[PDB]
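Engineer: Attaching a single structure in structure tokens format; questions to follow.
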Amino acid sequence: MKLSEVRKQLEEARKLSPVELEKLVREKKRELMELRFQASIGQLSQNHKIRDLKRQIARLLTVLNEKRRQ
RNA sequence: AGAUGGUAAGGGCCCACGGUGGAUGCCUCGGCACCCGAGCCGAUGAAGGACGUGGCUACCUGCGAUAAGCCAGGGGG
Ligand SMILES: [Mg+2]
Ligand SMILES: [Mg+2]
Ligand SMILES: [Mg+2]
Ligand SMILES: [Mg+2]
Ligand SMILES: [Mg+2]
Ligand SMILES: [Mg+2]
Ligand SMILES: [Mg+2]
Ligand SMILES: [Mg+2]
Ligand SMILES: [Mg+2]
Ligand SMILES: [Mg+2]
Ligand SMILES: [Mg+2]
Ligand SMILES: [Mg+2]
């Protein structure tokens, strides 16, 4: 995923409430599973999308953790 | 009547060239000694591990279900 898009994901991410974050993760986590399935049947040529989503879920959770910790 | 050479089944010594084998010289990502710097870690769960972790991954390295990585500051180009 693009550098600029990362920064953009973070800005909008840091504006969410934990619940919105929790909900957002669950969907991107669901999208990861959808990706894995098509990856299974050789129907995902844009395979970089898998690594990409994994780190989004990472970046979200990191921020979810940010929200809670002080 | 007498006498003396060509035979090499195979073998021996020398010479040429190969095979095998990995000495020798050169080489060094490693080691060895001395000197200096530096010296604790852990229930806020250590040292050391197990099992996992990649779109395709046997192993090593890294990492821990956020899993060859996540956030921020500094360095760099
Ligand atoms: Mg990043
Ligand atoms: Mg004769
Ligand atoms: Mg002969
Ligand atoms: Mg013969
Ligand atoms: Mg002889
Ligand atoms: Mg020879
Ligand atoms: Mg020499
Ligand atoms: Mg000393
Ligand atoms: Mg020490
Ligand atoms: Mg350990
Ligand atoms: Mg688990
Ligand atoms: Mg920087």
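Every chain in the structure tokens has a letter given in the order shown (A, B, ...), and although residue numbers restart at 1 in each chain, ligands are simply numbered from 1 in the order shown.
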What parts of chain A does DSSP call helix (DSSP H, G or I)? I'd like the answer as a PyMOL selection string.
Structural biologist: chain A and resi 3-13+18-40+48-68
Engineer: Which residues come within 10 Å of residue 15 (chain A), counting only C-alpha atoms (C1' of nucleotides), excluding same-chain residues fewer than 5 positions away, as a ChimeraX atom specification?
Structural biologist: /A:10,20-21,63,67
Engineer: Nearest residue to ligand 5 out of B:12, B:48, B:73, B:6, using only C-alpha atoms (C1' of nucleotides) and all ligand atoms?
Structural biologist: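 Using only C-alpha atoms (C1' of nucleotides) and all ligand atoms, ligand 5 sits closest to B:12.
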Engineer: Please report, as CSV, each residue of chain A lying at most 6 Å from chain B, together with the nearest pair of atoms and the separation in Å rounded to one decimal; use only C-alpha atoms (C1' of nucleotides), and order rows by chain and ascending residue number.
Structural biologist:
residue,atom,partner,partner_atom,distance
A:47,CA,B:55,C1',4.8
A:58,CA,B:66,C1',3.8
A:59,CA,B:70,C1',5.5
Engineer: Check every protein, DNA and RNA residue against ligand 11, keep those with an atom at most 12 Å away (counting only C-alpha atoms (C1' of nucleotides) and all ligand atoms), and present them as an NGL selection string.
Structural biologist: :B and (51-53 or 64-65 or 67)
Engineer: Kindly give the distance, in Å, that separates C1' of residue 56 (chain B) and CA of residue 3 (chain A), rounded to a single decimal.
Structural biologist: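 Atom-to-atom, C1' of residue 56 (chain B) and CA of residue 3 (chain A) are spaced 26.3 Å apart.
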Engineer: Which value, in Å to one decimal, gives the distance between CA of residue 55 (chain A) and CA of residue 34 (chain A)?
Structural biologist: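 CA of residue 55 (chain A) sits 15.9 Å away from CA of residue 34 (chain A).
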Engineer: Quick one: which chain B residues come within 9 Å of ligand 4, and what is the nearest atom pair for each with the distance in Å to one decimal, counting only C-alpha atoms (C1' of nucleotides) and all ligand atoms, rows ordered by chain and ascending number, as JSON lines?
Structural biologist:
{"residue": "B:8", "atom": "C1'", "partner": "ligand 4", "partner_atom_place_in_ligand_line": "1 (Mg)", "distance": 7.5}
{"residue": "B:9", "atom": "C1'", "partner": "ligand 4", "partner_atom_place_in_ligand_line": "1 (Mg)", "distance": 6.8}
{"residue": "B:10", "atom": "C1'", "partner": "ligand 4", "partner_atom_place_in_ligand_line": "1 (Mg)", "distance": 6.8}
Engineer: Go through the chains and note each residue within 12 Å of ligand 12, using only C-alpha atoms (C1' of nucleotides) and all ligand atoms, then give the set as a PDB file with N, CA, C and O atoms (P, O5', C5', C4', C3', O3' and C1' of nucleotides), in the first residue's frame.
Structural biologist:
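Final output, part25.pdb:
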ATOM      1  P     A B  72       3.192   6.933  12.869  1.00  0.00           P
ATOM      2  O5'   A B  72       4.249   7.483  13.935  1.00  0.00           O
ATOM      3  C5'   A B  72       3.893   8.533  14.813  1.00  0.00           C
ATOM      4  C4'   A B  72       4.951   8.805  15.855  1.00  0.00           C
ATOM      5  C3'   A B  72       6.269   9.394  15.399  1.00  0.00           C
ATOM      6  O3'   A B  72       6.186  10.762  15.050  1.00  0.00           O
ATOM      7  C1'   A B  72       6.668   7.744  17.028  1.00  0.00           C
ATOM      8  P     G B  73       7.332  11.426  14.143  1.00  0.00           P
ATOM      9  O5'   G B  73       8.625  11.439  15.065  1.00  0.00           O
ATOM     10  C5'   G B  73       8.771  12.383  16.105  1.00  0.00           C
ATOM     11  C4'   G B  73      10.103  12.230  16.793  1.00  0.00           C
ATOM     12  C3'   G B  73      11.348  12.357  15.925  1.00  0.00           C
ATOM     13  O3'   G B  73      11.712  13.694  15.621  1.00  0.00           O
ATOM     14  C1'   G B  73      11.557  10.457  17.283  1.00  0.00           C
ATOM     15  P     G B  74      12.469  14.027  14.237  1.00  0.00           P
ATOM     16  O5'   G B  74      13.892  13.324  14.417  1.00  0.00           O
ATOM     17  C5'   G B  74      14.792  13.770  15.422  1.00  0.00           C
ATOM     18  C4'   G B  74      16.028  12.908  15.531  1.00  0.00           C
ATOM     19  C3'   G B  74      16.808  12.648  14.260  1.00  0.00           C
ATOM     20  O3'   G B  74      17.577  13.748  13.833  1.00  0.00           O
ATOM     21  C1'   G B  74      16.594  10.640  15.422  1.00  0.00           C
ATOM     22  P     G B  75      17.825  13.977  12.264  1.00  0.00           P
ATOM     23  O5'   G B  75      18.775  12.772  11.825  1.00  0.00           O
ATOM     24  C5'   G B  75      20.034  12.563  12.447  1.00  0.00           C
ATOM     25  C4'   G B  75      20.686  11.289  11.966  1.00  0.00           C
ATOM     26  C3'   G B  75      20.983  11.211  10.484  1.00  0.00           C
ATOM     27  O3'   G B  75      22.142  11.934  10.112  1.00  0.00           O
ATOM     28  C1'   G B  75      20.031   9.175  11.210  1.00  0.00           C
ATOM     29  P     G B  76      22.072  12.905   8.841  1.00  0.00           P
ATOM     30  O5'   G B  76      21.910  11.896   7.613  1.00  0.00           O
ATOM     31  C5'   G B  76      22.955  10.994   7.269  1.00  0.00           C
ATOM     32  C4'   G B  76      22.476   9.851   6.404  1.00  0.00           C
ATOM     33  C3'   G B  76      22.111  10.193   4.965  1.00  0.00           C
ATOM     34  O3'   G B  76      23.256  10.203   4.119  1.00  0.00           O
ATOM     35  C1'   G B  76      20.430   8.801   5.939  1.00  0.00           C
ATOM     36  P     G B  77      23.371  11.251   2.905  1.00  0.00           P
ATOM     37  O5'   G B  77      22.383  10.666   1.801  1.00  0.00           O
ATOM     38  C5'   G B  77      22.616   9.378   1.237  1.00  0.00           C
ATOM     39  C4'   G B  77      21.498   8.943   0.317  1.00  0.00           C
ATOM     40  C3'   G B  77      21.309   9.806  -0.932  1.00  0.00           C
ATOM     41  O3'   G B  77      20.851   9.018  -2.026  1.00  0.00           O
ATOM     42  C1'   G B  77      19.331   9.821   0.334  1.00  0.00           C
TER      43        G B  77
END
